[PDB]
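Next comes start_0.pdb, a file with PDB, C-alpha atoms.
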```
ATOM      1  CA  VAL A   1      23.874   5.574  23.929
ATOM      2  CA  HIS A   2      22.296   3.306  21.298
ATOM      3  CA  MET A   3      19.133   5.032  20.027
ATOM      4  CA  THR A   4      16.262   3.372  18.133
ATOM      5  CA  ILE A   5      13.631   5.546  16.410
ATOM      6  CA  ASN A   6      10.421   3.778  15.359
ATOM      7  CA  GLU A   7       8.019   6.689  14.901
ATOM      8  CA  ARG A   8       9.907   9.209  12.763
ATOM      9  CA  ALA A   9       6.636  11.110  12.263
ATOM     10  CA  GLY A  10       5.691  13.217  15.305
ATOM     11  CA  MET A  11       9.360  13.765  16.217
ATOM     12  CA  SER A  12       9.166  17.342  14.810
ATOM     13  CA  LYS A  13      11.972  19.934  14.562
ATOM     14  CA  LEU A  14      14.580  21.041  17.156
ATOM     15  CA  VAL A  15      14.491  17.483  18.553
ATOM     16  CA  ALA A  16      15.334  16.141  15.068
ATOM     17  CA  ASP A  17      18.556  18.163  15.372
ATOM     18  CA  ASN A  18      19.626  17.233  18.922
ATOM     19  CA  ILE A  19      19.598  13.620  17.696
ATOM     20  CA  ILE A  20      21.545  14.465  14.510
ATOM     21  CA  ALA A  21      24.041  16.563  16.531
ATOM     22  CA  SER A  22      24.738  14.171  19.433
ATOM     23  CA  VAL A  23      25.747  11.543  16.854
ATOM     24  CA  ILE A  24      28.493  13.903  15.618
ATOM     25  CA  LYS A  25      29.700  15.606  18.814
ATOM     26  CA  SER A  26      29.249  12.717  21.295
ATOM     27  CA  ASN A  27      29.429   9.521  19.182
ATOM     28  CA  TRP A  28      25.773   8.478  19.520
ATOM     29  CA  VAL A  29      24.552   5.441  17.581
ATOM     30  CA  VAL A  30      21.092   6.301  16.238
ATOM     31  CA  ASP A  31      18.628   4.205  14.183
ATOM     32  CA  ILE A  32      15.607   4.496  11.841
ATOM     33  CA  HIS A  33      12.962   1.985  10.640
ATOM     34  CA  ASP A  34      10.016   3.453   8.687
ATOM     35  CA  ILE A  35      12.492   4.682   6.060
ATOM     36  CA  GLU A  36      12.284   2.531   2.931
ATOM     37  CA  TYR A  37      14.873   2.675   0.166
ATOM     38  CA  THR A  38      16.111   0.914  -2.976
ATOM     39  CA  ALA A  39      19.889   0.469  -3.032
ATOM     40  CA  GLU A  40      22.144   0.012  -6.067
ATOM     41  CA  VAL A  41      25.949  -0.343  -6.025
ATOM     42  CA  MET A  42      28.108   2.347  -7.656
ATOM     43  CA  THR A  43      31.490   2.025  -9.404
ATOM     44  CA  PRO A  44      34.498   3.800  -7.745
ATOM     45  CA  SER A  45      35.182   5.935 -10.839
ATOM     46  CA  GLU A  46      32.512   8.422 -12.022
ATOM     47  CA  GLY A  47      31.614   8.934  -8.336
ATOM     48  CA  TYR A  48      28.232   9.956  -6.932
ATOM     49  CA  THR A  49      25.392  11.406  -9.035
ATOM     50  CA  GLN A  50      22.896  12.297  -6.288
ATOM     51  CA  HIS A  51      23.385  13.401  -2.671
ATOM     52  CA  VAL A  52      20.740  13.641   0.057
ATOM     53  CA  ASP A  53      20.794  15.453   3.421
ATOM     54  CA  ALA A  54      20.635  14.372   7.084
ATOM     55  CA  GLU A  55      17.761  16.810   7.736
ATOM     56  CA  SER A  56      15.556  15.283   5.014
ATOM     57  CA  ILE A  57      16.168  11.762   6.367
ATOM     58  CA  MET A  58      14.160  12.902   9.421
ATOM     59  CA  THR A  59      11.156  14.377   7.552
ATOM     60  CA  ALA A  60      10.624  11.917   4.672
ATOM     61  CA  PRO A  61       6.988  10.723   4.389
ATOM     62  CA  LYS A  62       6.316   7.241   5.825
ATOM     63  CA  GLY A  63       5.432   5.430   2.587
ATOM     64  CA  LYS A  64       7.581   7.290   0.047
ATOM     65  CA  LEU A  65      10.542   5.114  -0.954
ATOM     66  CA  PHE A  66      13.545   7.065  -2.245
ATOM     67  CA  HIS A  67      16.752   5.533  -3.601
ATOM     68  CA  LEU A  68      20.129   6.279  -2.018
ATOM     69  CA  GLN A  69      23.187   4.934  -3.838
ATOM     70  CA  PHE A  70      26.062   3.135  -2.118
ATOM     71  CA  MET A  71      29.671   3.454  -3.264
ATOM     72  CA  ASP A  72      31.862   0.470  -4.082
ATOM     73  CA  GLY A  73      35.616   1.025  -4.508
ATOM     74  CA  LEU A  74      37.169  -2.454  -4.566
ATOM     75  CA  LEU A  75      38.929  -1.772  -7.883
ATOM     76  CA  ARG A  76      40.646   1.613  -7.555
ATOM     77  CA  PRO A  77      44.360   2.239  -8.297
ATOM     78  CA  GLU A  78      46.186   3.797  -5.323
ATOM     79  CA  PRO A  79      48.186   7.076  -5.596
ATOM     80  CA  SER A  80      51.820   7.393  -6.718
ATOM     81  CA  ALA A  81      54.668   7.594  -4.176
ATOM     82  CA  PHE A  82      55.307  11.291  -4.911
ATOM     83  CA  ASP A  83      52.264  13.527  -4.263
ATOM     84  CA  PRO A  84      50.754  15.966  -1.688
ATOM     85  CA  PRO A  85      49.502  14.422   1.624
ATOM     86  CA  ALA A  86      46.086  14.867   3.307
ATOM     87  CA  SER A  87      44.499  16.501   6.382
ATOM     88  CA  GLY A  88      41.639  15.166   8.545
ATOM     89  CA  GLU A  89      39.436  13.504   5.943
ATOM     90  CA  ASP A  90      36.240  11.801   5.130
ATOM     91  CA  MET A  91      33.339  11.225   7.492
ATOM     92  CA  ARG A  92      30.463   8.969   6.381
ATOM     93  CA  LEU A  93      27.080   9.357   8.053
ATOM     94  CA  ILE A  94      24.832   6.447   6.901
ATOM     95  CA  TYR A  95      24.847   2.610   6.855
ATOM     96  CA  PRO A  96      22.531  -0.165   5.571
ATOM     97  CA  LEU A  97      21.880  -3.168   7.847
ATOM     98  CA  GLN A  98      20.707  -5.923   5.480
ATOM     99  CA  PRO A  99      23.116  -6.363   3.601
TER     100      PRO A  99
ATOM    101  CA  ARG B   1       8.680 -22.698  26.780
ATOM    102  CA  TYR B   2       6.765 -20.706  24.212
ATOM    103  CA  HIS B   3       5.400 -21.316  20.728
ATOM    104  CA  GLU B   4       6.459 -19.974  17.316
ATOM    105  CA  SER B   5       4.984 -19.379  13.837
ATOM    106  CA  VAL B   6       4.953 -21.755  10.839
ATOM    107  CA  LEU B   7       2.838 -22.905   7.858
ATOM    108  CA  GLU B   8       1.229 -26.244   6.870
ATOM    109  CA  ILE B   9       0.701 -26.185   3.057
ATOM    110  CA  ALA B  10      -2.114 -28.776   3.557
ATOM    111  CA  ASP B  11       0.310 -31.704   3.111
ATOM    112  CA  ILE B  12      -1.714 -33.872   5.525
ATOM    113  CA  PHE B  13      -4.039 -35.115   2.750
ATOM    114  CA  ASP B  14      -1.985 -36.883   0.032
ATOM    115  CA  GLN B  15      -5.020 -36.770  -2.289
ATOM    116  CA  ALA B  16      -4.188 -35.325  -5.723
ATOM    117  CA  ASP B  17      -6.133 -32.746  -7.816
ATOM    118  CA  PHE B  18      -6.607 -30.472  -4.793
ATOM    119  CA  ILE B  19      -4.368 -28.007  -2.898
ATOM    120  CA  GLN B  20      -2.670 -26.932  -6.179
ATOM    121  CA  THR B  21      -1.243 -23.696  -4.732
ATOM    122  CA  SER B  22       1.610 -23.927  -2.219
ATOM    123  CA  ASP B  23       3.048 -22.028   0.775
ATOM    124  CA  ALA B  24       4.462 -19.058  -1.128
ATOM    125  CA  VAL B  25       1.138 -17.389  -2.101
ATOM    126  CA  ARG B  26       0.356 -16.632   1.576
ATOM    127  CA  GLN B  27       3.718 -14.890   2.079
ATOM    128  CA  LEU B  28       2.937 -12.543  -0.834
ATOM    129  CA  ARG B  29      -0.519 -11.765   0.601
ATOM    130  CA  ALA B  30       0.704 -10.683   4.058
ATOM    131  CA  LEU B  31       2.845  -7.871   2.619
ATOM    132  CA  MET B  32       0.361  -5.430   1.051
ATOM    133  CA  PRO B  33      -1.962  -3.083   2.997
ATOM    134  CA  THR B  34      -5.470  -4.348   3.837
ATOM    135  CA  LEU B  35      -7.706  -3.645   0.841
ATOM    136  CA  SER B  36     -11.218  -2.258   1.291
ATOM    137  CA  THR B  37     -14.253  -3.177  -0.851
ATOM    138  CA  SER B  38     -13.934  -0.175  -3.196
ATOM    139  CA  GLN B  39     -10.150  -0.686  -3.448
ATOM    140  CA  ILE B  40     -10.590  -4.342  -4.467
ATOM    141  CA  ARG B  41     -13.192  -3.302  -7.068
ATOM    142  CA  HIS B  42     -10.750  -0.698  -8.423
ATOM    143  CA  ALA B  43      -7.851  -3.197  -8.459
ATOM    144  CA  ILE B  44      -9.912  -5.748 -10.420
ATOM    145  CA  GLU B  45     -10.842  -3.077 -12.985
ATOM    146  CA  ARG B  46      -7.239  -1.871 -13.516
ATOM    147  CA  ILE B  47      -5.709  -5.323 -14.190
ATOM    148  CA  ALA B  48      -8.630  -6.061 -16.541
ATOM    149  CA  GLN B  49      -8.192  -2.924 -18.679
TER     150      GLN B  49
ATOM    151  CA  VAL C   1     -34.788  34.959  28.626
ATOM    152  CA  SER C   2     -36.219  35.835  25.197
ATOM    153  CA  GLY C   3     -32.978  34.697  23.525
ATOM    154  CA  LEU C   4     -33.255  31.248  25.111
ATOM    155  CA  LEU C   5     -36.826  30.957  23.795
ATOM    156  CA  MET C   6     -35.211  31.320  20.353
ATOM    157  CA  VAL C   7     -32.562  28.614  20.906
ATOM    158  CA  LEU C   8     -35.135  26.115  22.231
ATOM    159  CA  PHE C   9     -37.366  26.896  19.225
ATOM    160  CA  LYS C  10     -34.602  26.346  16.634
ATOM    161  CA  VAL C  11     -33.777  22.870  17.993
ATOM    162  CA  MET C  12     -37.494  21.983  18.228
ATOM    163  CA  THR C  13     -38.137  22.441  14.486
ATOM    164  CA  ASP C  14     -34.877  20.897  13.229
ATOM    165  CA  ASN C  15     -35.408  18.318  10.474
ATOM    166  CA  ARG C  16     -32.105  17.304   8.862
ATOM    167  CA  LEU C  17     -31.282  13.947   7.282
ATOM    168  CA  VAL C  18     -27.607  13.108   6.783
ATOM    169  CA  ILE C  19     -26.586  11.775   3.360
ATOM    170  CA  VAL C  20     -22.970  10.573   3.191
ATOM    171  CA  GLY C  21     -21.189  13.056   0.924
ATOM    172  CA  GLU C  22     -17.417  13.038   0.355
ATOM    173  CA  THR C  23     -14.893  10.439   1.560
ATOM    174  CA  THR C  24     -11.339   9.109   1.611
ATOM    175  CA  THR C  25      -9.928   5.620   2.150
ATOM    176  CA  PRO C  26      -6.376   6.455   3.300
ATOM    177  CA  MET C  27      -3.695   3.976   2.195
ATOM    178  CA  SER C  28      -2.738   2.056   5.350
ATOM    179  CA  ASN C  29       0.955   3.042   5.250
ATOM    180  CA  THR C  30       1.219   6.876   5.157
ATOM    181  CA  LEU C  31      -0.904   7.827   8.189
ATOM    182  CA  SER C  32       0.935   5.752  10.762
ATOM    183  CA  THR C  33       0.613   3.914  14.103
ATOM    184  CA  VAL C  34      -1.024   6.391  16.524
ATOM    185  CA  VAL C  35      -3.286   7.961  13.888
ATOM    186  CA  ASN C  36      -3.695   4.616  12.071
ATOM    187  CA  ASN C  37      -4.569   2.507  15.135
ATOM    188  CA  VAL C  38      -7.470   4.905  15.791
ATOM    189  CA  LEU C  39      -9.403   5.332  12.513
ATOM    190  CA  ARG C  40     -11.746   2.577  11.324
ATOM    191  CA  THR C  41     -11.075   2.415   7.556
ATOM    192  CA  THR C  42     -12.823   5.339   5.810
ATOM    193  CA  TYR C  43     -13.316   8.801   7.307
ATOM    194  CA  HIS C  44     -15.103  11.844   5.843
ATOM    195  CA  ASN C  45     -13.431  15.014   4.535
ATOM    196  CA  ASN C  46     -14.369  17.547   7.202
ATOM    197  CA  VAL C  47     -12.993  15.965  10.377
ATOM    198  CA  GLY C  48     -13.615  18.624  13.033
ATOM    199  CA  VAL C  49     -11.672  19.401  16.200
ATOM    200  CA  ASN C  50     -10.980  16.994  19.065
TER     201      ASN C  50
ATOM    202  CA  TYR D   1      38.627  -7.462 -18.851
ATOM    203  CA  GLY D   2      38.048  -4.987 -16.017
ATOM    204  CA  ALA D   3      34.337  -5.313 -15.235
ATOM    205  CA  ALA D   4      33.361  -4.064 -11.764
ATOM    206  CA  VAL D   5      30.085  -5.903 -11.029
ATOM    207  CA  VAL D   6      28.001  -8.380 -13.060
ATOM    208  CA  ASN D   7      24.574  -8.920 -11.459
ATOM    209  CA  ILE D   8      21.272 -10.592 -12.430
ATOM    210  CA  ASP D   9      17.648  -9.380 -12.219
ATOM    211  CA  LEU D  10      14.306  -9.115 -14.051
ATOM    212  CA  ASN D  11      14.478  -8.638 -17.822
ATOM    213  CA  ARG D  12      14.041  -5.038 -18.991
ATOM    214  CA  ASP D  13      12.481  -6.411 -22.199
ATOM    215  CA  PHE D  14      10.016  -9.288 -21.567
ATOM    216  CA  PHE D  15       8.160  -7.227 -18.966
ATOM    217  CA  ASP D  16       7.717  -3.900 -20.772
ATOM    218  CA  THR D  17       5.541  -0.751 -20.587
ATOM    219  CA  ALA D  18       3.098  -2.473 -22.972
ATOM    220  CA  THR D  19       1.886  -4.231 -19.801
ATOM    221  CA  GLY D  20       2.369  -1.352 -17.328
ATOM    222  CA  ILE D  21       5.511  -2.918 -15.830
ATOM    223  CA  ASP D  22       8.303  -0.365 -15.371
ATOM    224  CA  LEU D  23      11.734  -0.985 -13.833
ATOM    225  CA  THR D  24      14.416   1.688 -14.139
ATOM    226  CA  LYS D  25      15.448   1.310 -10.474
ATOM    227  CA  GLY D  26      15.917  -2.490 -10.246
ATOM    228  CA  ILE D  27      12.508  -2.870  -8.632
ATOM    229  CA  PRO D  28       9.379  -3.716 -10.702
ATOM    230  CA  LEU D  29       7.313  -0.532 -10.267
ATOM    231  CA  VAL D  30       3.754  -0.347 -11.611
ATOM    232  CA  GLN D  31       1.846   2.963 -11.741
ATOM    233  CA  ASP D  32      -1.586   1.980 -10.371
ATOM    234  CA  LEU D  33      -2.998  -1.142  -8.711
ATOM    235  CA  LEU D  34      -3.969  -0.644  -5.051
ATOM    236  CA  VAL D  35      -4.378   2.967  -3.929
ATOM    237  CA  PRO D  36      -6.041   5.551  -1.646
ATOM    238  CA  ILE D  37      -9.385   6.279  -3.343
ATOM    239  CA  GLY D  38     -10.948   9.436  -1.858
ATOM    240  CA  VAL D  39      -7.482  10.984  -1.605
ATOM    241  CA  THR D  40      -5.256  11.834  -4.591
ATOM    242  CA  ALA D  41      -2.313   9.510  -5.302
ATOM    243  CA  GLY D  42       1.311  10.202  -4.331
ATOM    244  CA  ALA D  43       4.379  11.101  -6.399
ATOM    245  CA  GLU D  44       6.093   8.017  -4.953
ATOM    246  CA  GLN D  45       4.692   5.143  -2.871
ATOM    247  CA  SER D  46       6.001   1.867  -1.414
ATOM    248  CA  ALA D  47       2.672   0.372  -2.528
ATOM    249  CA  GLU D  48       3.793   0.840  -6.162
ATOM    250  CA  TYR D  49       5.983  -2.231  -5.533
TER     251      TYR D  49
ATOM    252  CA  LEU E   1     -47.390  13.122  -0.049
ATOM    253  CA  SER E   2     -46.084  14.657   3.179
ATOM    254  CA  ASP E   3     -42.825  16.506   2.482
ATOM    255  CA  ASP E   4     -40.714  16.689   5.642
ATOM    256  CA  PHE E   5     -36.936  16.180   5.883
ATOM    257  CA  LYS E   6     -34.328  18.257   4.035
ATOM    258  CA  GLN E   7     -30.964  16.542   3.588
ATOM    259  CA  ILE E   8     -27.536  18.110   4.072
ATOM    260  CA  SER E   9     -24.131  16.453   3.536
ATOM    261  CA  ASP E  10     -21.800  17.646   6.298
ATOM    262  CA  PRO E  11     -23.612  18.237   9.638
ATOM    263  CA  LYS E  12     -23.182  21.403  11.710
ATOM    264  CA  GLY E  13     -23.392  21.061  15.516
ATOM    265  CA  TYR E  14     -24.721  23.177  18.392
ATOM    266  CA  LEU E  15     -21.682  23.250  20.688
ATOM    267  CA  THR E  16     -18.252  24.133  19.314
ATOM    268  CA  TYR E  17     -14.690  24.997  20.357
ATOM    269  CA  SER E  18     -13.381  28.566  20.395
ATOM    270  CA  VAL E  19      -9.807  29.553  21.254
ATOM    271  CA  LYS E  20      -8.173  32.878  22.163
ATOM    272  CA  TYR E  21      -4.368  32.993  22.057
ATOM    273  CA  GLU E  22      -2.193  36.011  22.795
ATOM    274  CA  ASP E  23       0.917  37.139  20.904
ATOM    275  CA  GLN E  24       4.545  37.166  22.179
ATOM    276  CA  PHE E  25       4.352  33.346  22.138
ATOM    277  CA  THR E  26       2.389  32.420  18.994
ATOM    278  CA  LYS E  27       3.973  31.182  15.757
ATOM    279  CA  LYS E  28       1.454  31.407  12.903
ATOM    280  CA  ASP E  29       4.077  30.265  10.357
ATOM    281  CA  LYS E  30       4.324  26.489  10.901
ATOM    282  CA  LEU E  31       1.114  24.551  10.232
ATOM    283  CA  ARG E  32       2.665  21.205   9.259
ATOM    284  CA  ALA E  33       3.507  17.947  11.050
ATOM    285  CA  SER E  34       3.120  15.194   8.415
ATOM    286  CA  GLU E  35       1.595  14.497   4.958
ATOM    287  CA  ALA E  36      -1.581  12.357   4.860
ATOM    288  CA  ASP E  37      -1.764  13.337   8.537
ATOM    289  CA  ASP E  38      -1.880  17.141   8.132
ATOM    290  CA  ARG E  39      -5.270  16.460   6.535
ATOM    291  CA  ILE E  40      -6.455  13.945   9.153
ATOM    292  CA  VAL E  41      -5.095  15.819  12.212
ATOM    293  CA  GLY E  42      -4.826  19.652  11.979
ATOM    294  CA  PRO E  43      -7.194  21.763  12.137
ATOM    295  CA  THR E  44      -6.953  19.612  15.313
ATOM    296  CA  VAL E  45      -3.453  21.089  15.825
ATOM    297  CA  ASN E  46      -4.008  24.557  14.316
ATOM    298  CA  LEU E  47      -6.697  25.387  16.889
ATOM    299  CA  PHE E  48      -4.253  24.287  19.599
ATOM    300  CA  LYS E  49      -1.129  26.135  18.396
TER     301      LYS E  49
END
```
Is it possible to express this structure as C-alpha cells?
Amino acid sequence: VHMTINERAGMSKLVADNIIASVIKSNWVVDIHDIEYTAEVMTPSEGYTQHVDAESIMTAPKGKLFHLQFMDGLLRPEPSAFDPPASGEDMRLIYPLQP
Amino acid sequence: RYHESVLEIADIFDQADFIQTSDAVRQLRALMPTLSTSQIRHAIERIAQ
Amino acid sequence: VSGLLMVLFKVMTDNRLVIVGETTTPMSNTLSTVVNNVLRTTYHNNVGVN
Amino acid sequence: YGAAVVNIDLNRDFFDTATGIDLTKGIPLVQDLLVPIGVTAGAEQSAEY
Amino acid sequence: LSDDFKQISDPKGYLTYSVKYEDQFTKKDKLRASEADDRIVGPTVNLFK
C-alpha cells in the first residue's frame, strides 16, 4: 500500500514497528509530515559523520528540527578491473521530497 | 467551479506616499505560531535589548 | 446520618476565593492537533483528570 | 580544479553573534525571540528559525 | 472592616476519580506518550493505565 502518516504523535510503540517492518518485508511505501529537517549535501569522499535510526524517526518531538545529511557521489572514481566482487549490497531507507 | 487564494497588494489606488510595504510581508507573518499578549511583550523586549 | 451532617456543614461554611497562580502558554507547535485544537491558549499547571 | 559543490547563502560574517544571529547549519538560527513562557524552553525548536 | 474570604491558588474539589487496577496486566514502567503533551495529558493517562 501507500501509507501517509500525519499524526506521528499518538502512534505509540509496537505499531511504530509494524509500519517500519512492512516497508522492509512487504515493500510498503510509508510517509511522514510533522518531521522537520535541515538538509546539507555531502561529498562522496570522507563519507558520513552522523547516522540516525528508523526507530527515532517515529518518536521525534513535533517541533524539534534535527539535521540529516544527504550523500552526493557524482565525482567518485570507479574501481579497477582486477579486484574482489560483491554480495547483496546497500539498502537505503529514507528520501526527501522537495528537492 | 470553485475559488482559489490570492493577494491584492493594494494596487487599486495609484496614489503615492501610501501602501509602502508590499505583498511579501504577509507571507512572512503567516508562518510563525500565533503570539499571545505576554509573548508579544517578551518579543518586543528581547529585540530591544 | 451524623457523618452527612458533617459534609453538609463543611460546604455551608466554605469561603474560598480563587487567585490565578501558576501558568504556561504552550508554543503552538509541540502539543499538536488533537490536544492543540482543544485548549484555548493558556492553561494552568495542575490540570486534573478527565 | 576538482571542486564538488559551490553554493551561495547568507554571510557568516555580516550577520554575527554580536547581534544574536547564529548560522552553523545553513539556516539563520536565533536563540530567543518567540517562546513558550510558563514552560521552560527546548533544546531545539523550529520556532528558532 | 469585615474580614471574610481566604484565597487559595489551586482549587480542590468535592468529587474525584479513584481507580483500582489488578496485576497480571498492569505495566507501571511506561508513563510517556509525548513531550509537551506528557505534561498536558497524563496524569490523565496514568490514572487510566
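Nearest residue to chain D, choosing from E:49, E:42, E:26, E:37 and counting only C-alpha atoms: E:37.
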Which residues, written as a PyMOL selection string, have at least one atom at most 12 Å from residue 28 of chain E, with all atoms listed in the file counted and residues fewer than 4 positions away on the same chain left out? chain E and resi 21-24+32+45-49
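You can rank A:50, A:79, A:60, A:25 by their closest distance to chain C using all atoms listed in the file, and at the top of that list sits A:60.
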Contacts of residue 22 of chain C within 9 Å, all atoms listed in the file, excl. fewer than 2 positions in-chain, as a short mmCIF file (atom, residue, chain, number, x, y, z; two decimals) with C-alpha atoms, in the coordinates of the input:
```
data_model
loop_
_atom_site.label_atom_id
_atom_site.label_comp_id
_atom_site.auth_asym_id
_atom_site.auth_seq_id
_atom_site.Cartn_x
_atom_site.Cartn_y
_atom_site.Cartn_z
CA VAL C 20 -22.97 10.57 3.19
CA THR C 24 -11.34 9.11 1.61
CA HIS C 44 -15.10 11.84 5.84
CA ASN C 45 -13.43 15.01 4.54
CA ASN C 46 -14.37 17.55 7.20
CA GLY D 38 -10.95 9.44 -1.86
CA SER E 9 -24.13 16.45 3.54
CA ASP E 10 -21.80 17.65 6.30
#
```
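Selecting chain E residues within 12 Å of chain D and counting only C-alpha atoms yields residues 35, 36, 37, 39 and 40 of chain E.
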List the neighbours of segment 28-36 of chain D out to 8 Å using all atoms listed in the file; skip same-chain residues closer than 5 positions along the sequence, and give me the result as JSON, numbers by chain. {"B": [35, 39, 40, 42, 43, 46, 47], "C": [24, 25, 26, 27], "D": [20, 21, 22, 23, 41, 47, 48, 49]}
Let me see the file: selected residues, C-alpha atoms, as a PDB file, in the frame of the given file.
```pdb
ATOM      1  CA  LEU B  35      -7.706  -3.645   0.841  1.00  0.00           C
ATOM      2  CA  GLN B  39     -10.150  -0.686  -3.448  1.00  0.00           C
ATOM      3  CA  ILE B  40     -10.590  -4.342  -4.467  1.00  0.00           C
ATOM      4  CA  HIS B  42     -10.750  -0.698  -8.423  1.00  0.00           C
ATOM      5  CA  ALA B  43      -7.851  -3.197  -8.459  1.00  0.00           C
ATOM      6  CA  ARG B  46      -7.239  -1.871 -13.516  1.00  0.00           C
ATOM      7  CA  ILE B  47      -5.709  -5.323 -14.190  1.00  0.00           C
TER       8      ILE B  47
ATOM      9  CA  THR C  24     -11.339   9.109   1.611  1.00  0.00           C
ATOM     10  CA  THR C  25      -9.928   5.620   2.150  1.00  0.00           C
ATOM     11  CA  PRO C  26      -6.376   6.455   3.300  1.00  0.00           C
ATOM     12  CA  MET C  27      -3.695   3.976   2.195  1.00  0.00           C
TER      13      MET C  27
ATOM     14  CA  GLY D  20       2.369  -1.352 -17.328  1.00  0.00           C
ATOM     15  CA  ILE D  21       5.511  -2.918 -15.830  1.00  0.00           C
ATOM     16  CA  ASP D  22       8.303  -0.365 -15.371  1.00  0.00           C
ATOM     17  CA  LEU D  23      11.734  -0.985 -13.833  1.00  0.00           C
ATOM     18  CA  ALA D  41      -2.313   9.510  -5.302  1.00  0.00           C
ATOM     19  CA  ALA D  47       2.672   0.372  -2.528  1.00  0.00           C
ATOM     20  CA  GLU D  48       3.793   0.840  -6.162  1.00  0.00           C
ATOM     21  CA  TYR D  49       5.983  -2.231  -5.533  1.00  0.00           C
TER      22      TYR D  49
END
```
Smallest atom-to-atom distance to chain E: which of A:90, A:17, A:36, A:7, using all atoms listed in the file? A:7
Compute the chain A side of the contact with chain E at 12 Å, counting only C-alpha atoms, and hand it back as a PyMOL selection string. chain A and resi 7-13+58-64
Residues of chain B that approach chain C to 10 Å or less, counting only C-alpha atoms: could you list each one with the shortest pair of atoms and its distance in Å to one decimal, rows by chain and increasing residue number, as CSV?
```
residue,atom,partner,partner_atom,distance
B:32,CA,C:28,CA,9.2
B:33,CA,C:28,CA,5.7
B:34,CA,C:28,CA,7.1
B:35,CA,C:27,CA,8.7
B:36,CA,C:41,CA,7.8
B:38,CA,C:25,CA,8.8
B:39,CA,C:25,CA,8.4
```
Write the residues of the selection above to a file with C-alpha atoms, as a compact mmCIF listing (two decimals), keeping the file's coordinate frame.
```
# COMPACT_ATOMS: atom_id res chain seq x y z
CA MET B 32 0.36 -5.43 1.05
CA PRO B 33 -1.96 -3.08 3.00
CA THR B 34 -5.47 -4.35 3.84
CA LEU B 35 -7.71 -3.64 0.84
CA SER B 36 -11.22 -2.26 1.29
CA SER B 38 -13.93 -0.18 -3.20
CA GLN B 39 -10.15 -0.69 -3.45
```
